[PDB]
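start29.csv (CSV, C-alpha atoms and all ligand atoms) appears below.
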```csv
chain,number,residue,atom,x,y,z
A,1,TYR,CA,38.1,73.3,7.0
A,2,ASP,CA,41.4,73.5,8.8
A,3,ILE,CA,43.3,70.3,8.0
A,4,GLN,CA,45.8,70.8,10.9
A,5,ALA,CA,43.3,71.7,13.6
A,6,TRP,CA,43.0,68.2,15.0
A,7,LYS,CA,46.5,68.3,16.5
A,8,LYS,CA,45.8,71.1,19.1
A,9,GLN,CA,42.3,69.6,19.7
A,10,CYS,CA,44.0,66.3,20.5
A,11,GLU,CA,46.5,68.0,22.8
A,12,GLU,CA,43.6,69.7,24.7
A,13,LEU,CA,41.7,66.4,24.9
A,14,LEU,CA,44.8,64.7,26.3
A,15,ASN,CA,45.0,67.6,28.9
A,16,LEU,CA,41.4,66.8,30.0
A,17,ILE,CA,42.3,63.1,30.2
A,18,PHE,CA,45.3,63.7,32.3
A,19,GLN,CA,43.1,65.7,34.8
A,20,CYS,CA,40.6,62.8,35.0
A,21,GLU,CA,41.2,60.6,38.1
A,22,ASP,CA,40.2,57.7,35.9
A,23,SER,CA,43.3,58.1,33.8
A,24,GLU,CA,45.9,57.6,36.6
A,25,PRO,CA,46.5,53.8,35.9
A,26,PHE,CA,47.0,54.6,32.2
A,27,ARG,CA,49.2,57.7,32.2
A,28,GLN,CA,52.5,55.8,32.2
A,29,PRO,CA,53.4,52.3,30.9
A,30,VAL,CA,52.1,49.5,33.2
A,31,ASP,CA,54.6,48.6,35.9
A,32,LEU,CA,55.8,45.1,34.9
A,33,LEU,CA,57.2,44.5,38.4
A,34,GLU,CA,53.7,44.9,39.9
A,35,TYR,CA,52.0,42.9,37.1
A,36,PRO,CA,54.7,40.3,36.0
A,37,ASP,CA,52.4,38.4,33.7
A,38,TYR,CA,51.3,41.6,31.8
A,39,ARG,CA,53.4,40.8,28.6
A,40,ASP,CA,52.1,37.2,28.6
A,41,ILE,CA,48.6,38.6,27.8
A,42,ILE,CA,49.3,42.0,26.2
A,43,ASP,CA,51.3,42.2,22.9
A,44,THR,CA,51.6,46.0,22.6
A,45,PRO,CA,51.6,48.1,25.7
A,46,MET,CA,50.3,51.7,25.3
A,47,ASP,CA,49.7,54.6,27.7
A,48,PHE,CA,48.7,58.3,27.5
A,49,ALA,CA,52.2,59.7,27.9
A,50,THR,CA,53.4,57.7,24.9
A,51,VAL,CA,50.4,59.0,22.9
A,52,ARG,CA,51.1,62.6,23.9
A,53,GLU,CA,54.8,62.2,23.1
A,54,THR,CA,54.1,60.7,19.7
A,55,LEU,CA,51.7,63.6,18.9
A,56,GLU,CA,54.1,66.2,20.1
A,57,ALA,CA,57.0,64.6,18.1
A,58,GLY,CA,54.9,65.1,15.0
A,59,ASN,CA,54.7,61.3,14.5
A,60,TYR,CA,50.9,61.1,14.0
A,61,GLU,CA,49.8,61.9,10.4
A,62,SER,CA,46.0,62.0,11.4
A,63,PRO,CA,43.7,61.9,14.4
A,64,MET,CA,42.6,58.4,13.3
A,65,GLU,CA,46.2,57.2,14.1
A,66,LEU,CA,46.0,58.8,17.5
A,67,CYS,CA,42.6,57.3,18.1
A,68,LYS,CA,43.9,53.8,17.2
A,69,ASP,CA,46.6,54.1,19.9
A,70,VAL,CA,44.2,55.5,22.6
A,71,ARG,CA,41.8,52.6,21.7
A,72,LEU,CA,44.7,50.2,22.3
A,73,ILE,CA,45.0,51.5,25.9
A,74,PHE,CA,41.4,50.5,26.5
A,75,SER,CA,41.5,47.2,24.7
A,76,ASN,CA,44.6,46.3,26.7
A,77,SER,CA,42.8,47.0,30.0
A,78,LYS,CA,39.9,44.8,28.8
A,79,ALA,CA,42.2,42.0,27.8
A,80,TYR,CA,44.3,42.2,31.0
A,81,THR,CA,41.4,42.5,33.6
A,82,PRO,CA,40.8,39.4,35.7
A,83,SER,CA,37.2,40.6,36.0
A,84,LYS,CA,34.7,42.8,34.2
A,85,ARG,CA,34.0,44.3,37.6
A,86,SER,CA,37.6,45.2,38.4
A,87,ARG,CA,38.4,48.7,39.7
A,88,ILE,CA,41.0,49.5,37.1
A,89,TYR,CA,38.9,48.1,34.2
A,90,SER,CA,35.9,50.1,35.4
A,91,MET,CA,38.0,53.2,35.3
A,92,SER,CA,39.0,52.3,31.7
A,93,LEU,CA,35.3,52.0,30.6
A,94,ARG,CA,34.4,55.5,32.0
A,95,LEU,CA,37.5,57.0,30.5
A,96,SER,CA,36.8,55.4,27.1
A,97,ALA,CA,33.3,56.8,27.1
A,98,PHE,CA,34.7,60.2,27.8
A,99,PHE,CA,37.3,59.9,25.1
A,100,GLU,CA,34.9,58.6,22.5
A,101,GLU,CA,32.4,61.4,23.2
A,102,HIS,CA,35.1,64.1,22.7
A,103,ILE,CA,37.1,62.5,19.8
A,104,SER,CA,34.0,62.2,17.5
A,105,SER,CA,33.9,65.9,16.4
A,106,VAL,CA,37.7,65.9,16.0
A,107,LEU,CA,37.5,63.0,13.5
A,108,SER,CA,34.5,64.5,11.8
A,109,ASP,CA,36.1,67.9,11.4
A,110,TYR,CA,39.4,66.4,10.1
A,111,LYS,CA,37.6,64.2,7.5
A,112,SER,CA,35.4,67.2,6.4
A,113,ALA,CA,38.6,69.3,6.0
A,114,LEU,CA,40.2,66.6,3.8
A,115,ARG,CA,37.0,66.4,1.7
A,116,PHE,CA,36.9,70.1,1.1
A,117,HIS,CA,40.6,70.1,0.2
A,118,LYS,CA,40.0,67.3,-2.4
A,119,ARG,CA,36.9,69.2,-3.8
A,201,LIG,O1,44.5,47.7,32.8
A,201,LIG,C1,44.9,47.3,33.9
A,201,LIG,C2,44.1,46.4,34.7
A,201,LIG,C3,42.8,46.0,34.4
A,201,LIG,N1,42.3,45.3,35.4
A,201,LIG,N2,43.2,45.2,36.4
A,201,LIG,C4,44.3,45.9,36.0
A,201,LIG,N3,46.1,47.9,34.3
A,201,LIG,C5,46.8,49.0,33.6
A,201,LIG,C6,47.5,49.7,34.7
A,201,LIG,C7,48.0,48.6,35.6
A,201,LIG,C8,46.8,47.6,35.6
```

Can you turn what I pasted into structure tokens?
Amino acid sequence: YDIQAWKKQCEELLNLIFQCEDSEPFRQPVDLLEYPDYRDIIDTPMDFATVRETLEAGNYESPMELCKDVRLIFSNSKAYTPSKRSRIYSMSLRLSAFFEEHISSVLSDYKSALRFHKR
């Protein structure tokens, strides 16, 4: 019932993501010189270094806020891809499945800790 445990769990999950080869296109903001039309399609850029920095700054209040920003990395890739068979989009789908499989227990444990506190 540790209300704060999600933070270290998210740091460790980000470490696993940074080791995945599939995260390489998403570690840093998209290079707007290589993709000059990026901001014509994407309203809010997001990347894993920004997520990690926001977490380490103490600027997430819950793992649900972190999960919203990670999910934005994946929805941006889906919106930007010129094809559902593109290399970088395919990497995003695998990485999203890995993220979702690992974040589920983090969210469940956090919500359980809040409920126990309210009890
Ligand atoms: O999400 C994409 C992308 C998706 N399909 N093709 C490119 N990018 C983020 C990193 C740079 C490109």

| task | Please indicate the distance in Å from atom CA of residue 22 of chain A to atom CA of residue 105 of chain A, rounded to one decimal place. | result | 22.1 Å

| Gap from atom CA of residue 15 of chain A to atom CA of residue 113 of chain A - Å, one decimal |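 Separation between atom CA of residue 15 of chain A and atom CA of residue 113 of chain A: 23.8 Å.
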
| task | Counting all atoms listed in the file, name the residues that have an atom within 9 Å of an atom of ligand LIG 201 (chain A); the answer should be given as a PyMOL selection string. | result | chain A and resi 24-32+34-35+38+47+73-92

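You will find atom CA of residue 100 of chain A at 9.2 Å from atom CA of residue 71 of chain A.
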
| Counting only C-alpha atoms, which residues come within 12 Å of (39.5, 77.4, 9.7), with the point read in the file's coordinates, and could you list them as a list in words? |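 These residues have at least one counted atom within 12 Å: residues 1, 2, 3, 4, 5, 6, 109, 110, 112, 113 and 116 of chain A.
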
Store the residues of this selection in a file with C-alpha atoms, as a compact mmCIF listing (two decimals), keeping the file's coordinate frame.
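File produced: out-v9.txt:
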```
# COMPACT_ATOMS: atom_id res chain seq x y z
CA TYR A 1 38.10 73.30 7.00
CA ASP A 2 41.40 73.50 8.80
CA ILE A 3 43.30 70.30 8.00
CA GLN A 4 45.80 70.80 10.90
CA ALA A 5 43.30 71.70 13.60
CA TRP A 6 43.00 68.20 15.00
CA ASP A 109 36.10 67.90 11.40
CA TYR A 110 39.40 66.40 10.10
CA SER A 112 35.40 67.20 6.40
CA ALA A 113 38.60 69.30 6.00
CA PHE A 116 36.90 70.10 1.10
```

| message | Nearest residue to residue 20 of chain A out of A:106, A:117, A:58, A:98, using all atoms listed in the file? | response |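 Ranked by minimum distance to residue 20 of chain A, first place goes to A:98.
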